[PDB]
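An overview of the molecular structure
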Amino acid sequence: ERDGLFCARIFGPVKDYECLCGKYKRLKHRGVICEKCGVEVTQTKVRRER
Amino acid sequence: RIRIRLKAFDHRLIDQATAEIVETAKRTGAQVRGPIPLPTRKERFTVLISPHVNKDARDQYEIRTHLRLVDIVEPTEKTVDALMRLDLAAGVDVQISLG
Amino acid sequence: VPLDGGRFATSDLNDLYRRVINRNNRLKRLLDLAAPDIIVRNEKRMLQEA
Amino acid sequence: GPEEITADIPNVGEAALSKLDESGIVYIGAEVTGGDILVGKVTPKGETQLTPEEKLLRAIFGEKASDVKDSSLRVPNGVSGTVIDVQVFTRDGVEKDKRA
Amino acid sequence: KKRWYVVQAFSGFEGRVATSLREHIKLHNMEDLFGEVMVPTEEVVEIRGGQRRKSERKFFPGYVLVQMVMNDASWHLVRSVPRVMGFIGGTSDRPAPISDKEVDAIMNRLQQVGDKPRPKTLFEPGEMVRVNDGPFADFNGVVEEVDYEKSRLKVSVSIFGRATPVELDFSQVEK
DNA sequence: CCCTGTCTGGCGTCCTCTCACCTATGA
DNA sequence: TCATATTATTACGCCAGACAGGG
């Protein structure tokens, strides 16, 4: 739930390169962040450090 | 109740779609209304087939838009959402409407 | 952690953070709508103790 | 959706399913090894990239599982044995299969 | 003269605390030592509304207001009422009444409860609204259209690909 | 003001194995 | 189902470390 304790737009995506809304999943399309949920399609290891 | 308006040019395809959506409904929910066929729109067109001049020379075309009215009487939690992931075949415009 | 029974026996930290955020949101709402000062003193005591 | 206990199971062949019956549960008396299948169990996956064949297969059988994710019970790695007794308990309302 | 005091109850059983308090008053018949008991008022549901139903209205966060005087007998009476922790004041010997200069301004605000208010709001298409009512509850989407004359924001279930455009009320969906 | 009971906090062995049991409320 | 938020037992044994009391 946004934006409670477990979040997605504070702490990152649950699944790797798996945007909450889902719109970016290309090998030649990395770095751009999401617009719907605004979740930077990166790795889930970043939920261990944010 | 969820009214569903299937529209397509190919009739076989629309039939296939309808059956699919029925299946979707029936496992999750209960008492699917049924696949009711509405009237088909036969939008006709005449055109002059000659480059310059021959008016009696003509081709008459048409587009048969078929309608299928599927209704769902009891919207449960499971059933309505099931359609989100369940997209239908291409060339079939669906139109769900609850209430 | 899931206990494979449809429920989440939560860790103690999420309970503690949830208590702090409940008490803090109620204190923001009580400082918003101009509560009498004895009640916001009590609410700040509760927040300090949480 | 719910799960499946039936023996129509992906990713497996004759050599696993010879020791199961036609409804997933191992026989009473089948002497098994460490790491066979006792109860076959598959959970839902999804269509995701519903292709022409995937969409045609989701309107021919009328079932949406489809390939599924193997989560069958297995003998834990190390122990042999002989299956002596099988119990099946059913929450009321659910369809009893043929072995129940 | 009876002055006001603040009582803390187990938050959630507050109406039952108020009823048990009135009943303990009419049991131990110190009727000349209690005036009123004020609980959960100033309703507003969520946003705006000109009809009934709705409900889910609550402001009182767990405190019970009591018109009272201070004898130690009446103090033991209120703390012997069940599911009551105690008064909230400077000390527990002589607990504290609240004020009186902020009661004149609160009276004018209570008289304007429903006469001329309800300020207007606004919205826009971005990023997506939230549905929490009807079969579309627990779903998000975007408002392609926003009829301000019919007060109906056209938001489609926005299924990944091609969903269907429905109409939800402002309270039916969340921003 | 230097002894002094008195009170408050802070320790208390490593490694392993088996089993069961898990917040209430509620218009 | 979806926000509301904390009360009616005692039964270790030193051993430092800080504190109000009093000759």
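The coordinates are above.
The following refers to the structure shown. (Residues numbered from 1 in each chain as written, not as in the entry; some residues may be left out. Chains lettered and ligands numbered in written order. Part of a larger assembly, values for the part shown. Heavy atoms only, no water. Residues with missing side-chain atoms left out of burial classes, pairs and counts.)

Moving on: the overall build of chain A. Counting its regular elements, chain A contains zero helices and zero strands. Against the globule reference of 10 Å for 50 residues, chain A gives a C-alpha radius of gyration of 10 Å, in line with a compact fold. A principal-axis box enclosing the C-alpha atoms of chain A has dimensions of 35 × 20 × 15 Å. When burial is assessed residue by residue, chain A has 22% of its 50 residues classed as buried. Taking all contacts inside chain A whose residues are at least 6 apart in sequence as the whole, residues at least 24 apart take part in 46%. Surface accessibility of chain A: about 3,800 Å² in total, with carbon and sulfur atoms responsible for 51%. Distance between charge centres in chain A, computed from 13 positive and 7 negative side chains, equals 5 Å. (Helix = DSSP H or I, 4+ residues; strand = E, 2+ residues; numbered from the N terminus. Rg over C-alpha atoms; globule rule 2.2 N^0.38 Å. Buried < 20%, exposed > 50% of the residue type's maximum accessible area, 1.4 Å probe, protein only. Contact = heavy atoms within 4.5 Å. Areas by Shrake-Rupley, 256 points an atom, 1.4 Å probe, with all protein chains shown as cover. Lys, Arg positive; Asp, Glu negative; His and termini not counted. Charge placed at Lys NZ, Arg CZ, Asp CG, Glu CD.)

Turning next to the sheet that holds strand β4 (residues 84-87) of chain E. All names here are of chain E. Ordered by their spatial adjacency, four strands build an open sheet running β2-β3-β1-β4, and the pairing between neighbours is antiparallel. Single-partner strands in this sheet number two, and they are β2 (34-38) and β4. In this sheet, adjacent strand axes meet at a mean angle of 30 degrees when their direction is disregarded. Summarising the sheet, strand β1 (residues 3-9) and β4 pair through three bridges and their orientation is antiparallel. From the neighbouring strand, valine 7 faces β4, where its bridge partner is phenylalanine 87. (Pairing = 2+ DSSP bridges. Axes fitted to C-alpha atoms, helices over the stretch in contact; angles between N-to-C directions.)

Our focus in this paragraph is the protein's contact with DNA strand G. Lining the immediate surroundings of DNA strand G are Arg18, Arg19, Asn22, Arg23 and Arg26 of chain C together with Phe10, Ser11, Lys58, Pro61, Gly62 and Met85 of chain E. The sugar-phosphate backbone supplies 70% of the atoms of DNA strand G found within 4 Å of the protein. In this structure, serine 11 of chain E approaches DNA strand G through a side-chain N or O atom, which is 2.8 Å from a sugar or linking oxygen. One nitrogen or oxygen atom from the main chain of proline 61 of chain E is found 3.1 Å from a phosphate oxygen belonging to DNA strand G. Tallying contributions element by element places helix α1 (residues 12-32) of chain C first for the surface near DNA strand G, with five residues. Looking at the surface near DNA strand G residue by residue, the classes come out as three nonpolar, three polar and five charged. (Near = heavy atom within 4 Å. Polar contact = N/O pair within 3.5 Å; in protein donor to acceptor, adjacent residues only side chain to side chain. Nonpolar A, V, L, I, M, F, W, Y, C, P; charged D, E, K, R; others polar.)

Quick look at helix α1 (residues 14-27) of chain E now. Residue and element names in this part refer to chain E. In this model α1 runs 20 Å from its N-terminal to its C-terminal C-alpha over 14 residues, within 8% of the 20 Å that 1.5 Å per residue would give. Considered for burial, the residues of α1 that qualify are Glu14, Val17, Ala18, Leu21, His24 and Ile25. Here the buried residues of α1 occupy an arc of 125 degrees about the axis, which is enough to place them on one side. Residues of α1 that are exposed and angled more than 90 degrees away from the buried face: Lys26 and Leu27. The inward-facing, buried residues of α1 abut β1, β2, β3 (63-68), α2 (72-80) and β4. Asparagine 29 sits one or two residues past α1 and shows a positive phi near 35 degrees. (Expected span 1.5 Å × (residues − 1). Arc of directions from axis to C-beta.)

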